[PDB]
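Trainee: One structure, as structure tokens, below. Some questions next.
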Amino acid sequence: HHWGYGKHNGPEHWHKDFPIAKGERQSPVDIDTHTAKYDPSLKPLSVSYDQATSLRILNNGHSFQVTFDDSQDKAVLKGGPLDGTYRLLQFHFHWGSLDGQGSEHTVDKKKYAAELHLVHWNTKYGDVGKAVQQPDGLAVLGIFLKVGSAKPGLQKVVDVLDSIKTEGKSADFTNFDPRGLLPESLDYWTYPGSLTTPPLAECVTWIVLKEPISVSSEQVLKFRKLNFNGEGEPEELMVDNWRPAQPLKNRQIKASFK
Ligand SMILES: NS(=O)(=O)OC1CCN(S(=O)(=O)[C@H]2O[C@H](CO)[C@H](O)[C@H](O)[C@H]2O)CC1
Ligand SMILES: [Zn+2]
């Protein structure tokens with residue numbers, strides 16, 4: 001039917017409605033750390049989030065997302081492998097039913113408990129709808145989550161999740177600072193890829209940070225209380241909303257660090 005993460009509408013089915021699922025630059029991928037090549041020509045990442053304006057938090061039926069005002073150059077990603085300025089639009093997560101899975105990218109086949117995606121679009125294309133039609137339209141900053149100590153910066157997010165339990169629910173979510181979700185190091189891998197959900201458009205420069213953030217078991221367990229379903233429908237926990245690693249094909253993963 002309409003796509004999802006279940007047995008009958010999961011990642012293995014997506015190619016039927018979205019044939020680009022089997023394309024030449026699909027995401028996520030396994031990051032083979034010994035094969036990634038250090039590229040000394042990569043500029044450092046510029047993450048400028050000091051003026052970020054969060055608007056709302058939303059259960060969109062496949063994850064939850066915090067949305068930002070992208071009508072001007074407030075929160076932007078620059079440098080690294082990127083040319084030009086990319087505006088922060090939203091962030092969301094992918095996570096598992098258990099701590100041993102949940103991430104979309106993997107590192108030497110290692111799966112993390114979850115993965116955070118900060119989604120930015122290239123301002124030269126004017127709006128995100130136009131950007132997703134371009135090979136360099138989007139830049140997604142991917143951050144791994146492992147389970148251990150709590151991430152204080154994440155707690156304001158986890159505390160309102162019970163108010164957006166089911167598909168379509170949203171809440172005001174102002175004055176959230178996404179800087180509290182970043183690890184210490186901005187060391188990264190980068191490769192050309194795609195959206196990891198339908199329409200799987202091949203429009204993304206992926207920037208995946210080497211250093212995971214630690215979140216607590218209690219924080220992740222609140223992720224797993226969300227529902228795929230709308231209210232009044234049979235309750236199906238929002239867990240394992242991750243696409244597995246896709247063939248690397250004719251691509252090279254570059255590292256910003258030795
Ligand atoms: N998981 S992922 O790799 O981060 O995938 C993306 C990230 C962001 N989108 S999205 O396609 O760019 C984008 O598309 C729309 C316009 O088509 C919307 O208005 C969304 O606001 C927006 O996220 C959906 C999925
Ligand atoms: Zn994502």
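Scheme for the structure tokens: letters A, B, ... for chains in order shown; per-chain residue numbers from 1; ligand numbers from 1 in order shown.
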Do you know which residues are at most 9 Å from segment 94-104 of chain A counting only C-alpha atoms, after dropping those on the same chain fewer than 2 positions away, and could you put them as a ChimeraX atom specification?
Mentor: /A:27-30,62-64,92,106,110-117,144-147,196,217,220-221,223-224,237-245
Trainee: Please list as a list in words every residue within 9 Å of residue 38 of chain A, counting only C-alpha atoms and excluding residues in the same chain fewer than 5 positions away.
Mentor: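 The residues satisfying every condition are residues 189, 254, 255, 256, 257 and 258 of chain A.
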Trainee: Per DSSP on the backbone, filter segment 207-238 of chain A down to the residues in strand (DSSP E or B) and report them as a list in words.
Mentor: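 Result set for segment 207-238 of chain A (strand (DSSP E or B)): residues 207, 208, 209, 213, 214, 215, 227 and 237 of chain A.
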Trainee: Neighbouring residues of residue 151 of chain A were defined as those with any atom within 12 Å, considering only C-alpha atoms; residues of the same chain fewer than 5 positions away were excluded. Please report them as a ChimeraX atom specification.
Mentor: /A:145-146,156-158,178-183,212-220
Trainee: Write the residues of the preceding selection, restricted to N, CA, C and O atoms, as a compact mmCIF listing (two decimals), in the first residue's frame.
Mentor:
```txt
# COMPACT_ATOMS: atom_id res chain seq x y z
N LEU A 145 23.69 7.65 17.60
CA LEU A 145 23.36 7.56 19.03
C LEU A 145 23.73 6.18 19.58
O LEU A 145 23.32 5.16 19.03
N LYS A 146 24.51 6.16 20.65
CA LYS A 146 24.70 4.96 21.44
C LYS A 146 24.05 5.15 22.80
O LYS A 146 23.79 6.27 23.23
N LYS A 156 14.51 17.87 26.37
CA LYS A 156 13.33 18.66 26.08
C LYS A 156 12.53 18.02 24.95
O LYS A 156 11.30 18.14 24.90
N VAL A 157 13.22 17.34 24.05
CA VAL A 157 12.55 16.63 22.97
C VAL A 157 11.79 15.42 23.50
O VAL A 157 10.60 15.24 23.24
N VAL A 158 12.48 14.58 24.26
CA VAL A 158 11.88 13.34 24.72
C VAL A 158 10.67 13.64 25.64
O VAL A 158 9.69 12.90 25.63
N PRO A 178 19.47 23.20 18.69
CA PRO A 178 19.98 21.90 18.24
C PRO A 178 21.47 21.73 18.51
O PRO A 178 22.02 20.66 18.27
N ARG A 179 22.13 22.77 19.00
CA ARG A 179 23.55 22.64 19.31
C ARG A 179 23.77 21.66 20.45
O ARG A 179 24.87 21.12 20.62
N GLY A 180 22.73 21.43 21.25
CA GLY A 180 22.83 20.55 22.39
C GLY A 180 22.76 19.10 21.99
O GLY A 180 22.83 18.21 22.84
N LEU A 181 22.63 18.85 20.68
CA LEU A 181 22.60 17.48 20.16
C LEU A 181 23.92 17.06 19.49
O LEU A 181 24.04 15.92 19.02
N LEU A 182 24.89 17.97 19.43
CA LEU A 182 26.15 17.69 18.72
C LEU A 182 27.23 17.10 19.63
O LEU A 182 27.39 17.50 20.79
N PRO A 183 28.02 16.17 19.08
CA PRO A 183 29.16 15.64 19.83
C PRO A 183 30.28 16.68 19.85
O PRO A 183 30.15 17.71 19.19
N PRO A 212 29.86 9.41 18.05
CA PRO A 212 28.45 9.30 18.44
C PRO A 212 28.13 10.18 19.64
O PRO A 212 29.04 10.58 20.38
N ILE A 213 26.86 10.50 19.84
CA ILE A 213 26.45 11.06 21.11
C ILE A 213 25.88 9.92 21.95
O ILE A 213 25.39 8.92 21.42
N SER A 214 25.99 10.06 23.26
CA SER A 214 25.42 9.08 24.19
C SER A 214 24.05 9.55 24.65
O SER A 214 23.89 10.71 25.03
N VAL A 215 23.07 8.66 24.61
CA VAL A 215 21.75 8.95 25.16
C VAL A 215 21.44 7.87 26.18
O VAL A 215 22.02 6.79 26.14
N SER A 216 20.52 8.13 27.10
CA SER A 216 20.24 7.11 28.10
C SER A 216 19.18 6.12 27.62
O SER A 216 18.41 6.41 26.70
N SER A 217 19.15 4.95 28.25
CA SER A 217 18.11 3.97 27.98
C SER A 217 16.73 4.60 28.13
O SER A 217 15.85 4.37 27.30
N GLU A 218 16.52 5.42 29.16
CA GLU A 218 15.21 6.03 29.36
C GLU A 218 14.85 6.96 28.21
O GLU A 218 13.68 7.07 27.83
N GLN A 219 15.84 7.64 27.65
CA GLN A 219 15.58 8.55 26.55
C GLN A 219 15.15 7.78 25.30
O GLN A 219 14.15 8.13 24.66
N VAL A 220 15.88 6.72 24.96
CA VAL A 220 15.52 5.92 23.78
C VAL A 220 14.20 5.18 23.96
O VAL A 220 13.44 5.01 23.01
```
Trainee: Can I get the residues close to ligand 1 as a PyMOL selection string, where close means within 6 Å and we count only C-alpha atoms and all ligand atoms?
Mentor: chain A and resi 117+119+128-129+195-197
Trainee: Give me the residues within 6 Å of segment 40-48 of chain A as a PyMOL selection string, counting only C-alpha atoms and dropping any in the same chain fewer than 2 places off.
Mentor: chain A and resi 50+75-81
Trainee: Between A:123, A:59, A:67, A:54, which residue has the minimum interatomic distance to residue 231 of chain A, considering only C-alpha atoms?
Mentor: A:59
Trainee: Please provide as a list in words all residues within 9 Å of residue 138 of chain A, with the sequence filter that same-chain residues fewer than 3 positions apart are discarded (counting only C-alpha atoms).
Mentor: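 The neighbour list is residues 86, 119, 120, 121, 122, 128, 131, 132, 134, 135, 194, 195, 203, 204, 205 and 206 of chain A.
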Trainee: Atom CA of residue 56 of chain A and atom CA of residue 232 of chain A, how far apart in Å?
Mentor: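 For atom CA of residue 232 of chain A relative to atom CA of residue 56 of chain A, the distance reads 23.2 Å.
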Trainee: For atom CA of residue 21 of chain A and atom CA of residue 202 of chain A, quote the distance in Å rounded to one decimal.
Mentor: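 Distance reported for this atom pair: 9.5 Å.
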Trainee: May I ask for the distance between atom CA of residue 105 of chain A and atom CA of residue 208 of chain A, given in Å to one decimal place?
Mentor: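 Result for atom CA of residue 105 of chain A versus atom CA of residue 208 of chain A: 8.4 Å, one decimal.
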Trainee: Which residues are close to segment 159-167 of chain A, i.e. within 7 Å by only C-alpha atoms, leaving aside same-chain residues fewer than 4 positions away? Reply as a ChimeraX atom specification.
Mentor: /A:58-61,155,226-231
Trainee: Save out the residues we just selected, C-alpha atoms, as a tab-separated table (two decimals), in the first residue's frame.
Mentor:
```tsv
chain	number	residue	atom	x	y	z
A	58	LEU	CA	5.57	16.45	14.63
A	59	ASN	CA	4.81	12.72	14.30
A	60	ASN	CA	4.79	12.27	10.50
A	61	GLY	CA	3.98	8.56	10.58
A	155	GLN	CA	15.62	15.80	27.12
A	226	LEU	CA	5.60	6.48	19.60
A	227	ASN	CA	3.17	4.98	17.08
A	228	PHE	CA	3.30	4.56	13.29
A	229	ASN	CA	-0.49	4.46	13.29
A	230	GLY	CA	-2.97	7.29	13.52
A	231	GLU	CA	-5.15	7.52	16.62
```
Trainee: Go through A:253, A:142, A:209, A:175 one by one, measure the shortest atom-to-atom distance of each to ligand 2 using only C-alpha atoms and all ligand atoms, and give the residue with the smallest value.
Mentor: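 Closest to ligand 2, using only C-alpha atoms and all ligand atoms: A:142.
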Trainee: Given the choices A:124, A:15, A:37, A:109, which gets closest to residue 3 of chain A if the distance is worked out from only C-alpha atoms?
Mentor: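 Using only C-alpha atoms, the shortest distance to residue 3 of chain A belongs to A:15.
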Trainee: As a PDB file with N, CA and C atoms, in the first residue's frame, please: every residue in segment 69-188 of chain A that DSSP puts in helix (DSSP H, G or I).
Mentor:
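Contents of the output file part-v5.pdb:
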```
ATOM      1  N   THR A 123      20.615  26.909  -0.535  1.00  0.00           N
ATOM      2  CA  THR A 123      19.864  28.146  -0.771  1.00  0.00           C
ATOM      3  C   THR A 123      19.872  28.621  -2.233  1.00  0.00           C
ATOM      4  N   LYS A 124      20.804  28.136  -3.042  1.00  0.00           N
ATOM      5  CA  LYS A 124      20.816  28.534  -4.444  1.00  0.00           C
ATOM      6  C   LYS A 124      19.590  28.006  -5.204  1.00  0.00           C
ATOM      7  N   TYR A 125      18.889  27.032  -4.633  1.00  0.00           N
ATOM      8  CA  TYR A 125      17.690  26.493  -5.286  1.00  0.00           C
ATOM      9  C   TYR A 125      16.389  27.073  -4.712  1.00  0.00           C
ATOM     10  N   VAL A 128      12.975  23.910  -0.705  1.00  0.00           N
ATOM     11  CA  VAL A 128      13.438  22.542  -0.532  1.00  0.00           C
ATOM     12  C   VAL A 128      12.847  21.644  -1.609  1.00  0.00           C
ATOM     13  N   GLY A 129      11.658  21.999  -2.097  1.00  0.00           N
ATOM     14  CA  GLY A 129      11.020  21.241  -3.164  1.00  0.00           C
ATOM     15  C   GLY A 129      11.851  21.244  -4.440  1.00  0.00           C
ATOM     16  N   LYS A 130      12.471  22.385  -4.741  1.00  0.00           N
ATOM     17  CA  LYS A 130      13.347  22.479  -5.914  1.00  0.00           C
ATOM     18  C   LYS A 130      14.691  21.812  -5.636  1.00  0.00           C
ATOM     19  N   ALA A 131      15.157  21.948  -4.397  1.00  0.00           N
ATOM     20  CA  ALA A 131      16.439  21.398  -3.980  1.00  0.00           C
ATOM     21  C   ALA A 131      16.483  19.875  -4.109  1.00  0.00           C
ATOM     22  N   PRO A 152      21.714  15.639  27.910  1.00  0.00           N
ATOM     23  CA  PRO A 152      20.835  16.662  28.499  1.00  0.00           C
ATOM     24  C   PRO A 152      20.113  17.482  27.435  1.00  0.00           C
ATOM     25  N   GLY A 153      20.810  17.794  26.346  1.00  0.00           N
ATOM     26  CA  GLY A 153      20.251  18.584  25.266  1.00  0.00           C
ATOM     27  C   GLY A 153      19.088  17.929  24.544  1.00  0.00           C
ATOM     28  N   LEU A 154      18.931  16.616  24.711  1.00  0.00           N
ATOM     29  CA  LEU A 154      17.841  15.874  24.060  1.00  0.00           C
ATOM     30  C   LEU A 154      16.576  15.800  24.911  1.00  0.00           C
ATOM     31  N   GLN A 155      16.710  16.074  26.199  1.00  0.00           N
ATOM     32  CA  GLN A 155      15.620  15.803  27.120  1.00  0.00           C
ATOM     33  C   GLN A 155      14.362  16.620  26.819  1.00  0.00           C
ATOM     34  N   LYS A 156      14.514  17.865  26.373  1.00  0.00           N
ATOM     35  CA  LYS A 156      13.333  18.664  26.080  1.00  0.00           C
ATOM     36  C   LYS A 156      12.526  18.025  24.952  1.00  0.00           C
ATOM     37  N   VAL A 157      13.219  17.336  24.051  1.00  0.00           N
ATOM     38  CA  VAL A 157      12.548  16.632  22.966  1.00  0.00           C
ATOM     39  C   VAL A 157      11.791  15.420  23.501  1.00  0.00           C
ATOM     40  N   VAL A 158      12.483  14.583  24.261  1.00  0.00           N
ATOM     41  CA  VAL A 158      11.878  13.345  24.719  1.00  0.00           C
ATOM     42  C   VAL A 158      10.675  13.638  25.636  1.00  0.00           C
ATOM     43  N   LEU A 161       7.200  13.948  23.690  1.00  0.00           N
ATOM     44  CA  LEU A 161       6.825  12.886  22.762  1.00  0.00           C
ATOM     45  C   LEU A 161       5.455  12.265  23.091  1.00  0.00           C
ATOM     46  N   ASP A 162       5.061  12.254  24.357  1.00  0.00           N
ATOM     47  CA  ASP A 162       3.769  11.638  24.669  1.00  0.00           C
ATOM     48  C   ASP A 162       2.611  12.499  24.165  1.00  0.00           C
ATOM     49  N   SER A 163       2.910  13.735  23.769  1.00  0.00           N
ATOM     50  CA  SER A 163       1.890  14.623  23.222  1.00  0.00           C
ATOM     51  C   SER A 163       1.761  14.497  21.693  1.00  0.00           C
ATOM     52  N   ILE A 164       2.653  13.722  21.073  1.00  0.00           N
ATOM     53  CA  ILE A 164       2.583  13.474  19.633  1.00  0.00           C
ATOM     54  C   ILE A 164       2.689  11.970  19.339  1.00  0.00           C
ATOM     55  N   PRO A 178      19.467  23.198  18.688  1.00  0.00           N
ATOM     56  CA  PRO A 178      19.978  21.897  18.242  1.00  0.00           C
ATOM     57  C   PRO A 178      21.473  21.733  18.505  1.00  0.00           C
ATOM     58  N   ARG A 179      22.130  22.772  18.999  1.00  0.00           N
ATOM     59  CA  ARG A 179      23.550  22.638  19.307  1.00  0.00           C
ATOM     60  C   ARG A 179      23.774  21.658  20.451  1.00  0.00           C
ATOM     61  N   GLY A 180      22.733  21.432  21.246  1.00  0.00           N
ATOM     62  CA  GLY A 180      22.834  20.551  22.392  1.00  0.00           C
ATOM     63  C   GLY A 180      22.761  19.096  21.988  1.00  0.00           C
ATOM     64  N   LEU A 181      22.635  18.848  20.684  1.00  0.00           N
ATOM     65  CA  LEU A 181      22.603  17.482  20.159  1.00  0.00           C
ATOM     66  C   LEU A 181      23.918  17.060  19.490  1.00  0.00           C
TER      67      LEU A 181
END
```
